[PDB]
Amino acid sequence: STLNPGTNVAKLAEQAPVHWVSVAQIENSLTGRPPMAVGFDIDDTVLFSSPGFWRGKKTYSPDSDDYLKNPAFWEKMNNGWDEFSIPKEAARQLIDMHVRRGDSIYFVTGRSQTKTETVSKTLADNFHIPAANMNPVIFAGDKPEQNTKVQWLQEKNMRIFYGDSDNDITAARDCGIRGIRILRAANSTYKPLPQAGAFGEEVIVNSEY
């Protein structure tokens, strides 16, 4: 645009009409409630997994997103490339809180399903989730050999679902449960960034890292 655009105080103080919440406010809203099932999307919600997707694109589809359909990519991505995935501090705070409550934690992902996967171990180890609260990662999809995200949220009776994408939030709305938005990091390779708060949902402050 212009070389020296400058700014003004109206612009400096301008706020988007979003419902921001803190982990502490979420915990307070659960006070007294017995243990329950809660779910988390994985990519850009609990793990900054762009390193692996970046390498996959470079290796299998330098000019496009065809790698997301390449079975070879998914073998690598679900069996070791998450050793390069950086866990999010906001996720750590949320999981620690749910673990203290004794809730059952589920991870639901849209990644393609492979015969073997080490993602579940990576998550339990990185977030130090006790055996009683941990559950194997759930790969949701269209395949007749699997169920959709909405179906899993309902089957496990999850009461809250955390995610960074719009479809994570609409899935929760469709099931009539509490959908909470996590901010996607600016350096994620999954762009454009989504508009957090676009459905009037609660958005966790400072959740980009």
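Note that residue numbering begins at 1 and tracks the sequence as displayed.
### Query
Mean C-alpha B-factor higher for 119-127, or for 134-142?
That would be 134-142.
### Message
Averaging CA B factors per stretch from the PDB record, which one is higher: 174-182 or 63-71?
### Response
Mean CA B-factor is higher for 63-71.
### Query
From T109, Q93, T114, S85, pick the one with the largest CA B-factor in the entry?
So the option with the highest C-alpha B-factor is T114.
### Message
Per the entry's values, where does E155 land by CA temperature factor relative to the rest of its chain, in the lowest, middle or highest third?
### Response
Highest third of the chain for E155's C-alpha B-factor.
### Task
Consider only the C-alpha atoms of the modelled residues in this chain, order them by B-factor as the entry records it, and name the third containing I169: lowest, middle or highest.
For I169, whose C-alpha B-factor we compare with every modelled residue in the chain, the answer is the middle third.
### Query
For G56, does the deposited CA B-factor place it in the lowest, middle or highest third of the chain?
Highest third - that is where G56 ends up once the chain's C-alpha B-factors are sorted.
### Query
Ranked by Cα temperature factor within the chain, is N147 in the lowest third, the middle third or the highest third?
Highest third, going by the recorded CA B-factors of the chain.
### CA B-factor placement of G39, once the chain's modelled residues are sorted into thirds
Its C-alpha B-factor, which the entry lists for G39, ranks in the middle third among residues of this chain.
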